[PDB]
Each structure stands twice: as C-alpha cells, then as structure tokens.
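Shown here is one chain on its own, the form deposited in one PDB entry, set out as structure tokens.
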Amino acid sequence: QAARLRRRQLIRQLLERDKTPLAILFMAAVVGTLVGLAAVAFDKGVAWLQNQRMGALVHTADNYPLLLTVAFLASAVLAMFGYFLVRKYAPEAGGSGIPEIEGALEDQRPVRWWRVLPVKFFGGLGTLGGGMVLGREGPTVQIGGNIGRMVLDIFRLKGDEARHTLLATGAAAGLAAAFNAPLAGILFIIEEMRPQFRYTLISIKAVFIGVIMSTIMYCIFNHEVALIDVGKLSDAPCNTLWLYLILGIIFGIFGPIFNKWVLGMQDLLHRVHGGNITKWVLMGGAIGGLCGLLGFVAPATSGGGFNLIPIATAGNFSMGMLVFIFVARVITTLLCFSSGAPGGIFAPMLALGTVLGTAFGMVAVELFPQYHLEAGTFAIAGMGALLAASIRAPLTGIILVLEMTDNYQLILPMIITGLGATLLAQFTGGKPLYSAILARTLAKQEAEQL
C-alpha cells in the first residue's frame, strides 16, 4: 500500500489549509453586499405591493362583491405578470430556484443572470406581492447565486474554485438575507447545497464574508418587525423528550407524502396547460387570484405564513381551526409551488410545521397533564421538522428556527424532532425535495437531447 505518499501529501495539505486567495475573499464581499441590497429591494417591493393591495381593500369597503372582485383581480394580474416573465424569458426562474443553483454547483444548469435576475426579481415581486403561498428565499437564493455568477463575469475571475465559491456565496447570502439568519445561510451550503457525492472546492471563509456583508445590509436598509417574534416559551424537562420523538415520527411520515404531492401536482398541473404560453399564464392568474381572494377572507390560508406562526404556539387557534388551516395551507402551497410560480416552498414549510406541531402539542397537553406542557414548545420543534422530513436538511432548519424564534432551551426538542423527521423520511422511502426537483429537470434535459 502506498499510504506513505498519501501521508506525504497530507502533511503538505495540512500546512496549506484554509488559504483562500484574496481575490475570492474580496469578491465575496462584493457579492454579498449586492445580494443583501437586492434582497432589501425585493422585500421593500413585496411589502409595497401587499400594502397597496390591503389599502385597496379598505377603500371599497362598502361594496363586498366589488371588494372580493378587486382582491381576486389585483392578485391575478400580479401573478399573471410573474408567470409570464418566467414563461417568456427565463423558464428556470420558476419554482424555487434552489435546485437550479444546486444543479449549477455541480456543473449542470447554466446560470443565465442576464435573464434570470430581472425575471426572478420582478416576477417574484408579482407572485409574492400578490399574496401567494411562496417564500422570499426562493427568489433570493437564485438571485443570490446569479449575482455571484454576475460577479464572476464582469471582473473575469479565472478558476474552477472561484466559480463554485461565489455562486455559493450569494446563495448563502440570499438565504441569510431572506430570514435575517446568518448561520442558516452558511449551513445551507455545507449541508444541503453542497455537491453531496464528491469533493468540491468551496471556500467557507468566502461564504462567511458574503453572508455577513448581506446581513449588514439588513441592518441599514431593511426596516421591519423581526419576522418571527414569539416570546420566551417554557423549558422542556428531559422526561418529556420522548414526546418530541413522536412528533418527529409523525413529521417523518408526512414528509415523503408531501414530497410526492409536490412532484405529483407538478405533473398534474402541467397537463392543464401542456407547456403552452397563454394557458400557463391564465392558470397562474387563477392560482394567484385565489390566494389573493383567500388573503382577504380566511387570511391564514394564503401568504407566506409568518403571520400565523405567533398566532400559533399556544395562541388563538382552537383544534378545529388548526386542522382547517393545516389542510388549506397544504392545498394552497401545493397549488402555488407546484405550478411554476417564482417563489419558494421553504418558508411555507415553516408555517405548515408550526401548525402541525401546535396541533400535536394541544393533544400532548390534554393527554399528559403531569408533564406541565404548553402547546408552544411543540410548535417550535415542529417548525423546522417539515424542512427535515421533506428538504432533508435538519441542521439548517434547526439552526434557522433558532435564528428566528430565539429559544435555546428548546434546542434538544428541536434536534430530536429534526432527527426523527429525517429517520422516518429515509425509512418510509422519501427523497430530499430539492434533489428530486433537480433529478427531474436533469432527466428532462437529457430526454430532450438527441
């Protein structure tokens, strides 16, 4: 065996460890600043169109059929504009955009920033400003990875590594700016967006710089109200931690069931239009118009879902209301994401996991009155457990819920629920969702090849 030359190379490699060149480190600060500025202008444009829509529903308050007509039509034309931009100019800007950057980090999936960037921005502004059940982390990760490719072409950085670092720097900075979550942005690249089956040269120090330069832009220019702001919930005694494994087992079964509902609704809604230009846009105006109609009446069934998360965690919702919200937010998420709308499924998975967790917590409170439980500790453990059972990135989602809810006393319930979600997803035969979107787009790409 020739391990004494593998030892000789390793001593050389250990003494050049963590030696990113200065051009990659400087350009990662240029990428992350531009990502953090583009994500602020995206959030300021989405929140402008939402308050322009809600302002148009308090003006015509004396005519309820006209008030429901405006709620349908303002969100229809906003979604029809967003569907048209994807279908005419950049078809890879439809859906999340995270498998488009994951496919780009392993050298498939070309990064057409001259098309995707003024499509995923303005078309995600119409779908998310129209009140559809879509996250801003869909657009901002693909906008971020395309900005990192946009700053690879202006300054002409040569190198295989510098392509993979800066494309991953902006994708990390786009997730970090969407959630105000810097640790979850870096951990999304190490765990999920990494090429999982080979060694890649992505400098994590450059991914750090772009995340932090993006989070500094969240300070100066973004002025909002700290998206998830649940309080300081109760502690979790360590004899009740088996109840968070039951919750993770429940999540780990629904997770694979939810993924084949995402992939099945993509094939089901594609048979409606047949890939046609105007039938896809007219269907997307009906999906977006319904979610603007379901944002005036029953408003906790549409939107991204961060509103209902503090109304959950042992709040206003009864058990019959929690069942109705969960079923309706499954249908509206499946209609929004599995249709080609620019917008992610990652943040609607946060709201679907919170509702399932607090519905489980309401049962665990009534069943076990000796543990002195509240329903809100299970809504925090469940919040990142649909991200663990469907996207299969538990380390990102446990950290992300820690960034957003700020309850470290519930961290061991969170890791127990996030583990049992991943374990039972593997046991019941589910794949990670972004891998399965990518495995379908690359199989469709090779089926169009003659």
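Think of the rigid core as the biggest set of C-alphas that the two forms share within 1.5 Å after superposition. Residue numbers run from 1 along the displayed sequence.
Another form, the form deposited in another entry, is not on view; read the next lines as being about it.
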query	finding
Residue among 213, 76, 202, 352 whose Cα moves 2 Å or more between the shown form and the other one, once the rigid core is superposed	202
Rigid core superposition, residue 267 Cα moves 2 angstroms or more between the shown form and the other one	no
Shift of residue 223 between the shown form and the other one at or above 2 Å (CA, core fit)	yes
Exceeds or equals 2 Å, Cα of residue 22 between the shown form and the other one, core fit	no
Closer or farther: C-alpha pair residue 231/residue 224 in the other form, relative to this form, given a change of 3 Å or more	closer
Note on residue 72-residue 224 C-alpha separation in the other form, which departs from the shown form by 3 angstroms or more	farther
